[PDB]
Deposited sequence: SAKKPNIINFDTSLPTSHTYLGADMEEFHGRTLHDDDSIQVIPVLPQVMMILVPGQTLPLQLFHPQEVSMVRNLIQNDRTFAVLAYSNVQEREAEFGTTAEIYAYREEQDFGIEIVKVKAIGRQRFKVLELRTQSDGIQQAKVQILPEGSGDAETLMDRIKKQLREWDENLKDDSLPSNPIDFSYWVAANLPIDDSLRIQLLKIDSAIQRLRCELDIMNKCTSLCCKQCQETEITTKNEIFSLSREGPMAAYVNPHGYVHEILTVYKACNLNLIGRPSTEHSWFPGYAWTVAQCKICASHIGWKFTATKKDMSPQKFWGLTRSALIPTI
């Protein structure tokens, strides 16, 4: 590729002038902490994963302002339909105004996992969560990490973590799997146990389908390509604050193209998106990205929403 695999990770569609916070905050294990809960996101965050956010409502804008004064850390719960979650630490901040509307744009990172002990909704409607920090641990597993990396090569072609705990959350966050399996991987405390399950999951992986119809195969594990350092799967925020997880793939099937290619708010700079819908149900599965210059090495790719896809 000729693209910069570090620009998808900068989220420059959010504005190119953000504050940076370098400090870190790691709570101790078994510790019990009260943290604000992100109000609209319904995702399963993995430690290491990056969360882009676009906040408009006064209640949400004031919260994030109190987080910057305090820990800059909040809670993202894993919903079975919320007994576990992950913490997210803001590392970049930017305040905007549009027609007298205060917009906040934040970039956050998954940090530590937790088990919800108690929940509270407050006067502003923003929920708060009393969580016990779950532990990670020690140990090594090089045989496993190498067998998992052998399989990932038979799928696509040191962009991969070298630490068992870090590698385990990279597969957790980048494998094409159901949210029921992401939770299972998040309920484990040892990395060795997680890398094992993750190797089974991918040996039993299948094509991905349209979730609305369960009748069209859109793509497979062997078409996944990484155009970003983060990985083949990355979260992005649309113009209305809706965060999507996107699988980047070279070929997608059973999709129709609606509209003319556009560059506005593109998550992949230099490219242009066109809505792709299922050929049978017409449900929005994602977008087809196309290059604005003939010199760009990946001239076309697909970005598919993990929300519109179900494993076969």
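*Asks:* Tell me which segments of the deposited chain sequence are not represented by C-alpha atoms in this structure.
*Replies:* Residues missing from the model, as numbered along the full deposited sequence, span 1 to 7, 89 to 93, 170 to 173, 329.
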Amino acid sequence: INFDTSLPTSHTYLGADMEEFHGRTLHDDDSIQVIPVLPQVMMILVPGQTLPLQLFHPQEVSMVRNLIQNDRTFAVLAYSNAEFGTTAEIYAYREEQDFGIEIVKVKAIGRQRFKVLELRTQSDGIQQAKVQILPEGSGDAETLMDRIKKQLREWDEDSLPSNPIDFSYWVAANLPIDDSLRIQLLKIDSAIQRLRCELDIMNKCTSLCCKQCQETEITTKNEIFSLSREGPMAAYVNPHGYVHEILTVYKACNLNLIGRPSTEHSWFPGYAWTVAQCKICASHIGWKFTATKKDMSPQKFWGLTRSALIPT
From here on, numbers count along this sequence of modelled residues.
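C-alpha atoms forming the largest set that superposes within 1.5 Å between two forms make up the rigid core.
*Asks:* Could you check whether 125 to 133 or 227 to 235 drifts more from the shown form in 6 other deposited structures of this protein, using RMS Cα distance once the core is superposed?
*Replies:* The more displaced stretch in 6 other deposited structures of this protein turns out to be 125 to 133.
*Asks:* Which of 95 to 103 and 186 to 194 lies farther, on average, from the shown form in 6 other deposited structures of this protein once the rigid core is superposed (C-alpha RMS)?
*Replies:* Looking at 186 to 194 and 95 to 103 in 6 other deposited structures of this protein, the bigger mover is 95 to 103.
*Asks:* Averaging C-alpha B-factors over each stretch, which comes out higher, 85 to 93 or 144 to 152?
*Replies:* Looking at the record's C-alpha B-factors, the answer is 144 to 152.
*Asks:* Mean CA temperature factor from the deposited coordinates, higher in 270 to 278 or in 61 to 69?
*Replies:* Result: 61 to 69.
*Asks:* I'd like to know which of 178, 217, 166, 230 has the highest C-alpha temperature factor in the PDB entry.
*Replies:* Max CA B-factor in the entry, restricted to 178, 217, 166, 230: 230.
*Asks:* Say you rank 224, 197, 76, 235 by Cα B-factor from the PDB entry; which sits at the top?
*Replies:* The listed residue with the largest C-alpha B-factor is 197.
*Asks:* Looking at the entry's B-factor column for C-alpha atoms only, identify whether residue 113 ranks in the lowest, middle or highest third of its chain.
*Replies:* Ranked within chain, residue 113 CA B lands in the lowest tercile.
*Asks:* If you rank every modelled residue in this chain by C-alpha B factor, which third holds residue 120: lowest, middle or highest?
*Replies:* Tercile = middle for this residue's CA B-factor.
*Asks:* Once the chain's modelled residues are ordered by C-alpha B factor and cut into thirds, is residue 256 in the lowest, middle or highest one?
*Replies:* Its C-alpha B-factor belongs to the middle third of this chain's values.
*Asks:* Please rank the C-alpha B-factors of the chain's modelled residues and tell me whether residue 290 sits in the lowest, middle or highest third.
*Replies:* Residue 290: CA B-factor falls in the lowest third of its chain.
*Asks:* Consider only the C-alpha atoms of the modelled residues in this chain, order them by B-factor as the entry records it, and name the third containing residue 139: lowest, middle or highest.
*Replies:* Highest third - that is where residue 139 ends up once the chain's C-alpha B-factors are sorted.
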